[PDB]
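Undergrad: Submitted below is the structure of interest, expressed as structure tokens.
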Amino acid sequence: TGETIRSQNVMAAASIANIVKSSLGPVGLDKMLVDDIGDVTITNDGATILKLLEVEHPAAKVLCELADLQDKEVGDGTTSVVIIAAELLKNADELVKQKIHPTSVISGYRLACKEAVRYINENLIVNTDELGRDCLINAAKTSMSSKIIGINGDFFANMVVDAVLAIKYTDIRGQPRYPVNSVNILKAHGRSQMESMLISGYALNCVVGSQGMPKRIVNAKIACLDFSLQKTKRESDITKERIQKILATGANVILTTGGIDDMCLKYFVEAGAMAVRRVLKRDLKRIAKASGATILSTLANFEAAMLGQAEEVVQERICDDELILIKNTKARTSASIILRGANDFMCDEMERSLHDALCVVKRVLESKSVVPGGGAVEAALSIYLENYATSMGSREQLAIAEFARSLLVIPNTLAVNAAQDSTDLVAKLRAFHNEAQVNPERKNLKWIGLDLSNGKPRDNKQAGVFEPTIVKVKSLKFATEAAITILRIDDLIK
Amino acid sequence: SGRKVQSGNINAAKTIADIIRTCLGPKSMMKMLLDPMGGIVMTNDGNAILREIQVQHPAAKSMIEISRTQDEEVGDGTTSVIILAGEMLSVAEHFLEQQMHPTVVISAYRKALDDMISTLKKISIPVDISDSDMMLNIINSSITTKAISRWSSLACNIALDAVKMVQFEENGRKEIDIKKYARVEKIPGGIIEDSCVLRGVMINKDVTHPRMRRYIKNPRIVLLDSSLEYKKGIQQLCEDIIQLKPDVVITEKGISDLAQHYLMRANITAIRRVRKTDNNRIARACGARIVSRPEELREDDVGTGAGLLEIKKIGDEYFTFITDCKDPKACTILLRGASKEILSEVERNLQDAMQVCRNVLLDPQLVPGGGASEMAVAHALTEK
Amino acid sequence: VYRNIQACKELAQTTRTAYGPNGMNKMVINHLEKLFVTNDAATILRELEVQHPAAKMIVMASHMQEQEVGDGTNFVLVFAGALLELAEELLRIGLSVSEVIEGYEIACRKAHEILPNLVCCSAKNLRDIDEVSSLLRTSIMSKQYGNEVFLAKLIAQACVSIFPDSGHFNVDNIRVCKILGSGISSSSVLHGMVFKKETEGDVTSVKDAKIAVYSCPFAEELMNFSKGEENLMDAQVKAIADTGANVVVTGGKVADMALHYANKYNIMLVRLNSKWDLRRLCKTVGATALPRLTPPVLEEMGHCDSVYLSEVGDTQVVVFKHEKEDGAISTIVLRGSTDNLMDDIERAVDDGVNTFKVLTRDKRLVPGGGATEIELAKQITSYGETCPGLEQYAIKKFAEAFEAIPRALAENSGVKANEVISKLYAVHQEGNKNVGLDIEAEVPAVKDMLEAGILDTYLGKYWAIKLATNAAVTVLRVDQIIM
Amino acid sequence: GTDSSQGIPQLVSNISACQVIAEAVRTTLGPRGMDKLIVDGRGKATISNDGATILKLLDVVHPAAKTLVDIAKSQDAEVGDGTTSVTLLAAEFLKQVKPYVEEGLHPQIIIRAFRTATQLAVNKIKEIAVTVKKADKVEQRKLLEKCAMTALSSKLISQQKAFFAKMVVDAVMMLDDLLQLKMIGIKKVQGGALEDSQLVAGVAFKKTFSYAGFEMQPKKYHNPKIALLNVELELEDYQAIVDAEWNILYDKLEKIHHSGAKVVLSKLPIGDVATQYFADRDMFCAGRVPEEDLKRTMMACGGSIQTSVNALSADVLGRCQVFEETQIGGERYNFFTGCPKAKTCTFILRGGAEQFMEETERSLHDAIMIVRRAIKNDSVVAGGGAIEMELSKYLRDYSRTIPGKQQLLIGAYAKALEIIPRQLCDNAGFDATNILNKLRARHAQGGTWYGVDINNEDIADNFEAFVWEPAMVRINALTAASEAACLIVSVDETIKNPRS
Ligand SMILES: Nc1ncnc2c1ncn2[C@@H]1O[C@H](COP(=O)(O)OP(=O)(O)O)[C@@H](O)[C@H]1O
Ligand SMILES: Nc1ncnc2c1ncn2[C@@H]1O[C@H](COP(=O)(O)OP(=O)(O)O)[C@@H](O)[C@H]1O
Ligand SMILES: Nc1ncnc2c1ncn2[C@@H]1O[C@H](COP(=O)(O)OP(=O)(O)O)[C@@H](O)[C@H]1O
Ligand SMILES: Nc1ncnc2c1ncn2[C@@H]1O[C@H](COP(=O)(O)OP(=O)(O)O)[C@@H](O)[C@H]1O
């Protein structure tokens, strides 16, 4: 029947957590989400589950609202914040069952969070410096592991780390902001993936734009167009007049996206232009922004010094074709990655691995403050806060202790979802982090993550699993806020 | 719940698999359909069994949907797919009760699938391509045990000529094939021997009054979605069409006699009340282009298509023959008979053999049926 | 038939957990409302009110195994349970019961000849107390706790190696006596039957003595009646004290007048005779029970050798040693906090001494701890493919039935059963026969028993396999009966 | 029942049963805990404070309850101090481990973890226990009595407690032969004050109508020995019965000088209406005597036992030192002191207020128990739930080191060790959680000998508060509690055999 609306709220939060509990981690099980119309949805990430779960309890409403606003704040962490909040609510309910007033519990939780963010800020990792590459390459390999391309994963990691760090695009106020769309895929037929090499520029596999293109160009101007140069019955017949007019302004390499022209062979020698059809919109937009250019449809009237610059266009046998290597642009955006093999059909999994490795590497490089993943932070915080609570001495000892104990739910669920003996894994992690405090010389034993592959404790900074500091800190803040808000709503009788 | 939901899902899978588990093979047993009015249906096909029956569990609905998607993609084998899925999900019960995680079961299943793929590709017997001998052997093997045994002599050569009418040469050697672009012409009447083949698109629509230059020795088709009106006071579109000088321009609106004269002034033949499933195949077989924006209008607005046009009113009905098309990828196949109750089935089995042929172009391989392949791969796994 | 298999499954499950050294002991209450805590499976089956006639067959098979080898009973139970489970699933497949029976018989015949090919026999002889005690370690290790095994093995072996004469042993010779109080470590080995007594007028140096056995335990007119009672009692004590009688026992209590008259004859008065002690005395000295006081005779009287008081164990005890064989009887004194753990230790001692008796007629030792079970399973399942026909299914199920013993021995030790079985089976191809299941590690690890000295007798395993297979077969050949 | 089957459900049921049995003695922990009323059927309600007495008279029927009660009783019999502690601690162990059982933690793992934790705790205790025995306890006993009056500190008897403590320990020292509670018995007398309460080295029993017949006995008699008579003393064939009765009455006087016994004892009623008839006998008599007085006389003075009417023996008037009969509170009491083996000390519970029997029997008995236990052993640790806190802290610190299943279980063991101070401060009536939190803080950082103070309800250094408990008895109690918990955990089935 029930006895306390506090209990009803905590059970509602626990049920909401249990709905999304099993999906935490990269190997989380899927969930079926069916509505009244009979439609079905398949999902793995908890954010999608919560964003469309049909909730019914006001406490569940509050918890989902906090999760959604946390998602809008930073993104990843909704499932983790919900699970942590539910664990805090359960433990606080157990405490208040022992005649501890919830206000002392709330103050203890606030103190525990305030101390936890301080502990994290003093025991995080900033190894993503210019001297930190072994960690980055190991992260790329680990994200590229558990696949048939693992043997070739070392070369791919080496070729991708320097590719992303060399193309680092600076921003307006001075931060390294690598654009993910700067890196482009480029399929290849013939030789397998075990011979891939980085290309510093884009080269569409298509018809040859021109044959008079020199290997290196001292001065080029990207005169991008969209129309096809053809004769009809500033010029009515768009073949000569506007081309020469733009060439007078300085247009050296005209980027003709449209169809080819029947007398442009002379123009491709006297001026050095190009003609390639069906250029990808994203690729052309990036190559224009790689040189500070914008797409021009017509030439009726910007043409003086706004057109982008090309420094070197290699015209040789690349990918068994006469590719156009428009590289060495102005901005750090022009690049392309060879995708060897036979086609894009049998290499779909490896190219998707390339994308996810790119995503994890760009996550690591951004937000230079990073923390190890795999639940290391949770165990370290639990060990810290157990000592902190005893050092306190007030009536918030139990509150802070239960906050410390509740954080272990994240590695616990990570271990369960990894099909391992969860208690043993969390105990091993906790024991490794114990020596990080009792032993003053074993300082560099703090980032022992959870290796989900073999299900054994593992040094994780070396492994390369990483999480932005802001994500963990702000998720902890929101978990504490949600737990506090639900725990305050208690004095009801029904 | 935990594993309770897994057990429920696979129990629904099992209870839907054994419904049609009995209706495969050359001696399939019949099934009873009892609608809530009193009617009763004889049925041998498990596909219709699943289609007519109603289910409430999402797992069953998903499996039925996957069986369908396999049906309209590759053709046959839906009953086998359902049976196999039910069997694997049923034998997973033993391990799911071992308190051992579904993830390791999943990994084991994936390894087993990879090994089965390898051992099938190892055990498959090769077959020749473009050779009628083992093509007819496959006709005897699979295209038989259907309603075609009386009309196999015609189905066989219809398919064998039809194998070379839908090829796309995009990335390799004739490895691309599209399914609906074959110009099917199913018309009852006359003898079944009148069914034949033709290289070109066969359009059942025609101009109301063909008193104009309909056929030209080099149809340069231009597609247009605009509607032809009386005149400008629209002849302006016709005047712009005159700029590139085509001979045939395909529209999708009616044409009047005065509109007919205005069109033949430009010497262009339009069509009306045609279907999109006809317009797309016309464009595919002719390689034409559709454009009406004046700025985009260039010399590319006209694309040469066929090389010979003809109109024949076979049995006082308006046919249109477009032979010798530029792209032999959407070409005419003719069907004749009395009733469409079997010719549809014979047709569908023939394009099943068509898919057989294109895969033979990819992997000219055959696997021994009658449970031979199943036990062979089971032995391969067990010894592995 | 599935009803019978289900009943046998339940009865095997109820004692499956007690298997192995980490067996979960159960609480036992009998009809007279005691409260035991026992891990011995045979004891559990004794107090189980088994009524299903199908499970009665397996219970009788277990009794026969215990009656002949004295150990491996729970092995018989669990093996029969696994065999019936797999036979049930075979029946559900569609195989006839006759084919299953034939396959089981063929598999048992194969196993009986495979078994003697994996033996690492005894070292030299039953002598060399340390070595032979090391052999006798595993049984006591399993039956009671694994801690005090190092001492229980020595206690139970020093007594049994006393008389290895002509290679003949009897279980009843090695008797066990209860002396409550101090811990188990205070126990030792003594010679001759022992129990309590009351009086102190005893003589130590005694020749062949004379035992009297009592099957039935004990104003002037008032003075004359008292005198009559006194004179009748004096006449009775004179009549029982004639013919040079020296020792008397009675199942009752002491009386001051009775003990006074006994002492005036220089005869001690022994009391506190248990309901089981009189038969043991009568068989050990060839005596007889005398109902009343008035019929004592020399012929109906048994003979002992030496009687004296021993203070060993912080208490007074009597000793009846040096019998006709002068060394046949050999007791063991036991010390414990209460009597509840006394019974567990006596059953462990019995389950050790009977294994020693089995070893007397067979020096063959087999690697235990699941080593031999997994080896037999591998051998039989390899032989299965060599036999085409309908019996291959039953042979494979026999192999999987052998697979059950390490499975139980692990799952009743807090270890994932499938993991350890897979690891054992994989190692057993290269890390051959002598490898088994390690108990110490919580992680599912394996360990060699030839080095660890965890071994069990060949004859016991052979007979247990035979009896379990026979029980499964004879319970599969029953259709039904109205119940 | 409710899920009494294989494995987990039966373990849960047994844990619940142990919780129920511990709840019956939960609140009696501490020197000033609650009190219970038990009615024994016919209507003799029993009131008592000590936990062991409560457990000994329960009606346990559940097998888990019985197998915890027997452990408690064995602990009480082996050492008389600390019974409700072991049951409460074992029940706390079971309740703390229960939320780990349904998750699949195999109970053998719990057994192993409990055993290793208990071994660690027993090892740790030895490095903290401190020997104080030689530090002026036998000679210069001021420390002994300074520990002794703690059972009566901050009470109404605060001023006079030193007298009672010093005098009872004076009695204890001269009787240092492994004293027992039964053979050191106290008696209550109506009237008087508390300051003048005294101890006679013997017995103190009032003479009632059926107890003693003749008054003004020869007190200053230096060889009084008890004579245990077993026959009545007080007073066609219609005249034959009269003659027989008169002959019996005349023969009852044959023991006056022929037997020669100054004090005669009988189990048959004695008539004080015939005091002048007994005045002709002119000797002391005893009748309807309690068994305690009988045993104290036998092992102190050694009175003879007689069965016949003219039973003559040489022990009727053996050697006993002195005879005492002094009126106490206006009523004459019999004192059989002055004995060759007078290892007896009966205390006169003088006092005007009659309801103080519970106060004195809860105070002085505990005081003498503490004195005796401090004398017997050499090394002690701080009490009042102080050593439990230290063990909990040490076990919690050690648990984090070990990897694996045992870590959580040892942590739960350490958490369960906290219940003793919590229950002490709960029975004292003050906010338990605040006391526990302050204790944990100041005890993890500051010192290792802080417990709970029952007077001011605050943390205190029980070492300088002279709250001593022997290390050996605490170690034994902890071992017994852990072993009882392990025995409960290791059981997963019961067999009934109801009728046939
Ligand atoms: N390689 C890895 N090894 C272990 N844990 C990982 C790894 N990659 C990601 N994780 C886990 O994923 C969790 C965050 O993902 P999650 O919060 O589920 O995403 P979302 O918030 O989108 O649901 C982190 O707790 C981290 O421990
Ligand atoms: N003549 C035959 N003898 C034995 N087996 C056959 C024969 N004809 C067909 N089969 C078997 O029938 C199976 C496929 O039939 P089924 O799946 O029911 O048809 P569909 O694929 O149209 O559903 C194949 O596995 C094949 O082995
Ligand atoms: N230390 C050990 N490690 C592993 N297995 C053991 C160990 N000790 C005994 N065993 C196994 O446990 C089994 C115990 O048999 P047991 O239950 O005593 O049969 P019964 O009760 O009928 O005598 C033995 O067969 C032995 O192989
Ligand atoms: N004056 C006191 N101050 C603090 N604690 C005390 C005091 N007297 C007794 N205790 C506590 O009481 C406990 C024993 O009480 P209890 O178990 O009720 O009696 P018993 O041990 O005889 O069963 C000890 O652990 C001790 O710490």
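Note on naming: chains are A, B, ... as they come in the structure tokens, residues start from 1 per chain, ligands start from 1 in the order shown.
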Any residue with an atom at most 6 Å from ligand 1 counts, using only C-alpha atoms and all ligand atoms. Which are they? Put them as number ranges by chain.
TA: A: 24-26, 45-47, 76-80, 373-375, 450-452, 465
Undergrad: Could you build a table of the residues in chain C lying no more than 8 Å from ligand 3, giving for each the nearest pair of atoms and their separation in Å rounded to one decimal place, using only C-alpha atoms and all ligand atoms, ordered by chain and ascending residue number, as a Markdown table?
TA:
```
| residue | atom | partner | partner_atom_place_in_ligand_line | distance |
| --- | --- | --- | --- | --- |
| C:18 | CA | ligand 3 | 17 (O) | 6.9 |
| C:19 | CA | ligand 3 | 17 (O) | 4.4 |
| C:20 | CA | ligand 3 | 12 (O) | 3.9 |
| C:21 | CA | ligand 3 | 8 (N) | 5.4 |
| C:23 | CA | ligand 3 | 17 (O) | 7.9 |
| C:40 | CA | ligand 3 | 21 (O) | 5.7 |
| C:41 | CA | ligand 3 | 21 (O) | 5.4 |
| C:42 | CA | ligand 3 | 21 (O) | 6.6 |
| C:66 | CA | ligand 3 | 22 (O) | 7.3 |
| C:70 | CA | ligand 3 | 23 (O) | 6.6 |
| C:71 | CA | ligand 3 | 23 (O) | 3.4 |
| C:72 | CA | ligand 3 | 22 (O) | 3.2 |
| C:73 | CA | ligand 3 | 22 (O) | 3.1 |
| C:74 | CA | ligand 3 | 22 (O) | 4.3 |
| C:75 | CA | ligand 3 | 19 (O) | 5.8 |
| C:76 | CA | ligand 3 | 22 (O) | 7.5 |
| C:138 | CA | ligand 3 | 8 (N) | 4.9 |
| C:139 | CA | ligand 3 | 18 (O) | 5.9 |
| C:140 | CA | ligand 3 | 18 (O) | 7.7 |
| C:141 | CA | ligand 3 | 8 (N) | 5.5 |
| C:142 | CA | ligand 3 | 9 (C) | 4.4 |
| C:143 | CA | ligand 3 | 18 (O) | 4.9 |
| C:146 | CA | ligand 3 | 1 (N) | 7.5 |
| C:351 | CA | ligand 3 | 23 (O) | 6.2 |
| C:367 | CA | ligand 3 | 27 (O) | 7.7 |
| C:368 | CA | ligand 3 | 27 (O) | 3.9 |
| C:369 | CA | ligand 3 | 5 (N) | 3.4 |
| C:370 | CA | ligand 3 | 27 (O) | 6.0 |
| C:409 | CA | ligand 3 | 12 (O) | 7.0 |
| C:436 | CA | ligand 3 | 4 (C) | 7.4 |
| C:437 | CA | ligand 3 | 4 (C) | 5.8 |
| C:438 | CA | ligand 3 | 3 (N) | 6.0 |
| C:439 | CA | ligand 3 | 3 (N) | 5.5 |
| C:454 | CA | ligand 3 | 1 (N) | 6.1 |
| C:455 | CA | ligand 3 | 27 (O) | 6.8 |
| C:456 | CA | ligand 3 | 27 (O) | 6.1 |
```
Undergrad: Name all residues at most 8 Å from residue 97 (chain C) (count only C-alpha atoms; drop same-chain ones fewer than 4 positions away) and give them as a PDB file with N, CA, C and O atoms, in the first residue's frame.
TA:
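selection-v2.pdb, freshly written:
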```
ATOM      1  N   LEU C  91      14.504 -39.291 -23.930  1.00  0.00           N
ATOM      2  CA  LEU C  91      13.141 -39.747 -24.169  1.00  0.00           C
ATOM      3  C   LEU C  91      12.316 -38.651 -24.823  1.00  0.00           C
ATOM      4  O   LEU C  91      11.533 -38.916 -25.743  1.00  0.00           O
ATOM      5  N   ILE C 101      18.590 -47.692 -22.517  1.00  0.00           N
ATOM      6  CA  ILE C 101      19.125 -48.701 -21.609  1.00  0.00           C
ATOM      7  C   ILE C 101      20.352 -49.364 -22.218  1.00  0.00           C
ATOM      8  O   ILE C 101      21.384 -49.528 -21.557  1.00  0.00           O
ATOM      9  N   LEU C 476      14.750 -46.918 -15.072  1.00  0.00           N
ATOM     10  CA  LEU C 476      14.222 -46.549 -16.379  1.00  0.00           C
ATOM     11  C   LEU C 476      13.296 -47.604 -16.971  1.00  0.00           C
ATOM     12  O   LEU C 476      12.565 -47.296 -17.916  1.00  0.00           O
ATOM     13  N   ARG C 477      13.297 -48.828 -16.443  1.00  0.00           N
ATOM     14  CA  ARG C 477      12.504 -49.922 -16.989  1.00  0.00           C
ATOM     15  C   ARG C 477      11.180 -50.106 -16.260  1.00  0.00           C
ATOM     16  O   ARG C 477      10.657 -51.222 -16.201  1.00  0.00           O
TER      17      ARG C 477
END
```
Undergrad: Mind running chain A against chain D at 10 Å and telling me each contacting residue's nearest atom pair with the distance in Å (one decimal), counting only C-alpha atoms, chain and number ascending, as a tab-separated table?
TA:
```
residue	atom	partner	partner_atom	distance
A:98	CA	D:433	CA	8.7
A:99	CA	D:433	CA	8.4
A:100	CA	D:433	CA	7.8
A:383	CA	D:400	CA	8.7
A:387	CA	D:444	CA	9.4
A:389	CA	D:441	CA	8.3
A:390	CA	D:441	CA	5.0
A:391	CA	D:441	CA	6.0
A:392	CA	D:441	CA	7.0
A:393	CA	D:441	CA	4.9
A:394	CA	D:437	CA	6.9
A:395	CA	D:434	CA	6.1
A:396	CA	D:437	CA	8.4
A:397	CA	D:437	CA	6.4
A:398	CA	D:437	CA	7.9
A:421	CA	D:405	CA	9.6
A:422	CA	D:405	CA	9.8
A:423	CA	D:405	CA	6.4
A:424	CA	D:404	CA	4.5
A:425	CA	D:404	CA	7.4
A:426	CA	D:404	CA	8.2
A:427	CA	D:403	CA	5.3
A:428	CA	D:403	CA	4.6
A:429	CA	D:403	CA	8.0
A:430	CA	D:400	CA	6.7
A:431	CA	D:401	CA	5.0
A:432	CA	D:401	CA	7.8
A:433	CA	D:400	CA	8.9
A:434	CA	D:400	CA	6.3
A:435	CA	D:401	CA	7.4
A:438	CA	D:401	CA	9.4
```
Undergrad: What is the CA of residue 262 (chain D)-CA of residue 224 (chain D) distance in Å, reported with one decimal?
TA: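 If I compute the distance from CA of residue 262 (chain D) to CA of residue 224 (chain D), I get 6.0 Å.
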Undergrad: Taking only C-alpha atoms into account, find every residue of chain C that has an atom no more than 10 Å from chain B, and write it out as a ChimeraX atom specification.
TA: /C:416-419
Undergrad: Distance CA of residue 142 (chain D)-CA of residue 179 (chain D), one decimal place?
TA: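 Computing the Euclidean distance for CA of residue 142 (chain D) and CA of residue 179 (chain D) yields 21.1 Å.
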Undergrad: Show me, as a list in words, the residues that have an atom within 12 Å of residue 118 (chain A) when counting only C-alpha atoms, minus same-chain residues fewer than 3 positions from it.
TA: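 Selected residues are residues 111, 112, 113, 114, 115, 121, 122, 123, 124, 381, 384, 385, 469, 473 and 476 of chain A.
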Undergrad: Just the selected residues (N, CA and C atoms), exported as a PDB file, in the first residue's frame, please.
TA:
```
ATOM      1  N   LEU A 111      28.093  18.991   0.696  1.00  0.00           N
ATOM      2  CA  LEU A 111      29.497  19.015   1.086  1.00  0.00           C
ATOM      3  C   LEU A 111      30.291  17.962   0.329  1.00  0.00           C
ATOM      4  N   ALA A 112      29.716  16.772   0.166  1.00  0.00           N
ATOM      5  CA  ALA A 112      30.411  15.697  -0.528  1.00  0.00           C
ATOM      6  C   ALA A 112      30.671  16.058  -1.980  1.00  0.00           C
ATOM      7  N   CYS A 113      29.686  16.648  -2.654  1.00  0.00           N
ATOM      8  CA  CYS A 113      29.898  17.066  -4.038  1.00  0.00           C
ATOM      9  C   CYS A 113      30.935  18.180  -4.129  1.00  0.00           C
ATOM     10  N   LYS A 114      30.875  19.140  -3.202  1.00  0.00           N
ATOM     11  CA  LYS A 114      31.837  20.237  -3.203  1.00  0.00           C
ATOM     12  C   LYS A 114      33.254  19.722  -3.001  1.00  0.00           C
ATOM     13  N   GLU A 115      33.416  18.700  -2.164  1.00  0.00           N
ATOM     14  CA  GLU A 115      34.733  18.113  -1.968  1.00  0.00           C
ATOM     15  C   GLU A 115      35.141  17.224  -3.136  1.00  0.00           C
ATOM     16  N   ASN A 121      39.567  17.960  -9.469  1.00  0.00           N
ATOM     17  CA  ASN A 121      40.374  19.023 -10.051  1.00  0.00           C
ATOM     18  C   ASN A 121      41.839  18.936  -9.648  1.00  0.00           C
ATOM     19  N   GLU A 122      42.165  18.167  -8.611  1.00  0.00           N
ATOM     20  CA  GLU A 122      43.548  17.981  -8.202  1.00  0.00           C
ATOM     21  C   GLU A 122      44.122  16.632  -8.603  1.00  0.00           C
ATOM     22  N   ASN A 123      43.311  15.731  -9.152  1.00  0.00           N
ATOM     23  CA  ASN A 123      43.781  14.411  -9.552  1.00  0.00           C
ATOM     24  C   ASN A 123      43.212  14.033 -10.912  1.00  0.00           C
ATOM     25  N   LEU A 124      43.122  15.009 -11.811  1.00  0.00           N
ATOM     26  CA  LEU A 124      42.763  14.772 -13.198  1.00  0.00           C
ATOM     27  C   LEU A 124      44.040  14.586 -14.018  1.00  0.00           C
ATOM     28  N   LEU A 381      37.029   8.666  -6.003  1.00  0.00           N
ATOM     29  CA  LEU A 381      36.190   9.547  -5.202  1.00  0.00           C
ATOM     30  C   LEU A 381      35.628   8.825  -3.990  1.00  0.00           C
ATOM     31  N   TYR A 384      38.470   8.671  -1.436  1.00  0.00           N
ATOM     32  CA  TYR A 384      38.649   9.988  -0.824  1.00  0.00           C
ATOM     33  C   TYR A 384      37.538  10.303   0.167  1.00  0.00           C
ATOM     34  N   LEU A 385      36.286  10.123  -0.248  1.00  0.00           N
ATOM     35  CA  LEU A 385      35.175  10.614   0.552  1.00  0.00           C
ATOM     36  C   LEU A 385      34.947   9.761   1.788  1.00  0.00           C
ATOM     37  N   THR A 469      36.726  16.477 -18.337  1.00  0.00           N
ATOM     38  CA  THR A 469      36.524  16.794 -16.927  1.00  0.00           C
ATOM     39  C   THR A 469      35.183  17.473 -16.711  1.00  0.00           C
ATOM     40  N   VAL A 473      32.322  16.415 -13.935  1.00  0.00           N
ATOM     41  CA  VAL A 473      32.054  17.379 -12.874  1.00  0.00           C
ATOM     42  C   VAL A 473      30.597  17.817 -12.924  1.00  0.00           C
ATOM     43  N   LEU A 476      28.116  15.094 -11.989  1.00  0.00           N
ATOM     44  CA  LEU A 476      28.045  14.947 -10.539  1.00  0.00           C
ATOM     45  C   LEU A 476      27.205  16.056  -9.921  1.00  0.00           C
TER      46      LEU A 476
END
```
Undergrad: Applying 9 Å and only C-alpha atoms, which residues near region 277-279 of chain A remain after dropping the ones on its own chain fewer than 2 positions away? List them as a count of residues only.
TA: 14
